[PDB]
Amino acid sequence: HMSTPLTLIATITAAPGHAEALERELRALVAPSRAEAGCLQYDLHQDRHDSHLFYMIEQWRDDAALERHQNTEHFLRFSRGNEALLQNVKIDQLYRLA
């Protein structure tokens, strides 16, 4: 860790047939998350070859900023009711080397 922001990459895999529903739900996260204190990056992407695979690339000033993100309304709304849309969520935590 450090003065270096925390980078998070979330690889989210939709259940077969549910890519469009999951994209709708993930897109809702972006604007409010980008506005949050300490949010240095919050970008949504879709895999080039499998429509069911999405990637959120996030940078947070520190752990406290990330912890606050998970208590937000938008973040908890994503949690509320979407579990059947999901096959897998991988969360990678990482720091830039400079």
Side-chain angles (χ1 to χ4, degrees):
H1 6 142
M2 304 274 276
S3 58
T4 307
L6 176 58
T7 296
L8 250 74
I9 302 161
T11 304
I12 307 201
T13 309
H18 298 276
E20 297 279 44
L22 178 59
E23 177 178 328
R24 179 167 55 237
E25 294 302 293
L26 293 171
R27 281 177 175 278
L29 290 169
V30 178
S33 296
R34 279 172 178 180
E36 290 180 60
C39 187
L40 299 181
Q41 179 181 11
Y42 197 99
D43 290 326
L44 181 59
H45 310 73
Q46 190 178 30
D47 196 84
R48 173 179 191 161
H49 298 296
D50 182 353
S51 63
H52 300 271
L53 269 166
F54 302 85
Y55 306 86
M56 198 75 78
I57 304 174
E58 310 176 20
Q59 293 185 65
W60 289 102
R61 219 181 266 292
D62 48 21
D63 281 352
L66 174 52
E67 261 69 306
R68 291 197 302 272
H69 172 64
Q70 297 174 73
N71 290 259
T72 60
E73 193 160 4
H74 57 281
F75 179 86
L76 293 175
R77 281 192 299 252
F78 174 81
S79 317
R80 286 167 56 189
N82 297 315
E83 180 170 15
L85 297 194
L86 298 169
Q87 188 186 110
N88 198 81
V89 182
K90 185 171 174 212
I91 301 296
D92 296 321
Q93 291 178 71
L94 42 142
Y95 290 113
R96 200 169 299 169
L97 305 183

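This chain uses plain numbering: 1 for the first residue, then up along the sequence. Computed over heavy atoms, backbone and side chain alike; hydrogens, waters and symmetry mates excluded.
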ring-ring contact (aromatic ring centres under 6.0 Å, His included): pairs with one or both residues in residues 1-29, sequence neighbours excluded:
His1-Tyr95
Co-membership, hydrophobic cluster, residues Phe54 and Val30, 4.5 Å side-chain:
yes
At what distance, to the nearest 0.5 angstrom, does CD of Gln87 lie from CD1 of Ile12?
12.5 Å
Could you measure the distance from the CG atom of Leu26 to the CG atom of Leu22? Nearest 0.5 Å is fine.
4.0 Å
CG on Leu94 to CG on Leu8, rounded to 0.5 Å:
7.0 Å
Separation between CH2 (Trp60) and CZ (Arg68), nearest 0.5 Å, reads 8.0 Å
Give, for atom CD of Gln93 and atom OG1 of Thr7, the distance between the pair rounded to the nearest 0.5 Å.
10.5 Å
Sub-3.5 Å donor-acceptor pair from the side chain of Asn82 to the main-chain atoms of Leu85, do we have one?
no
Which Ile, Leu, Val, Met, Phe, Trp or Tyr residues join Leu97 in one cluster when any pair of side-chain heavy atoms under 4.5 Å counts as a link?
none
Whether over 12 other heavy atoms sit under 6.0 Å from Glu83 CD
no
Spatial distance of atom CE (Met56) from atom CD1 (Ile91) [nearest 0.5 Å]
9.5 Å
Who pairs with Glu73 by salt bridge (charged side-chain N to carboxylate O under 4.0 Å, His left out), at least two apart in sequence or on another chain?
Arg77
Under the side-chain hydrogen bond (donor to acceptor under 3.5 Å, both in side chains) test, which residues partner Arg61, sequence neighbours left out?
none
Are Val89 and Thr11 packed together at the side-chain level, in the sense that at least one heavy-atom pair is separated by less than 4.5 angstrom?
no
Using atom types as modelled, flag every donor-acceptor pair under 3.5 Å from a side chain in residues 36-49 to any protein atom, sequence neighbours excluded.
from	atom 1	to	atom 2	distance (Å)
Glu36	OE2	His69	ND1	2.6
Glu36	OE2	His74	NE2	2.8
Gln41	OE1	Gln59	NE2	2.9
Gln41	NE2	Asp43	OD2	2.8
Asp43	OD1	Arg34	NH2	2.7
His45	ND1	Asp43	O	3.3
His45	ND1	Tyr55	O	3.1
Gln46	NE2	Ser51	O	2.9
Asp47	OD1	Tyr55	OH	2.6
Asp47	OD2	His49	N	2.9
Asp47	OD2	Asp50	N	2.9

Which residues satisfy the salt bridge (charged side-chain N to carboxylate O under 4.0 Å, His left out) test with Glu23, sequence neighbours excluded?
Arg27
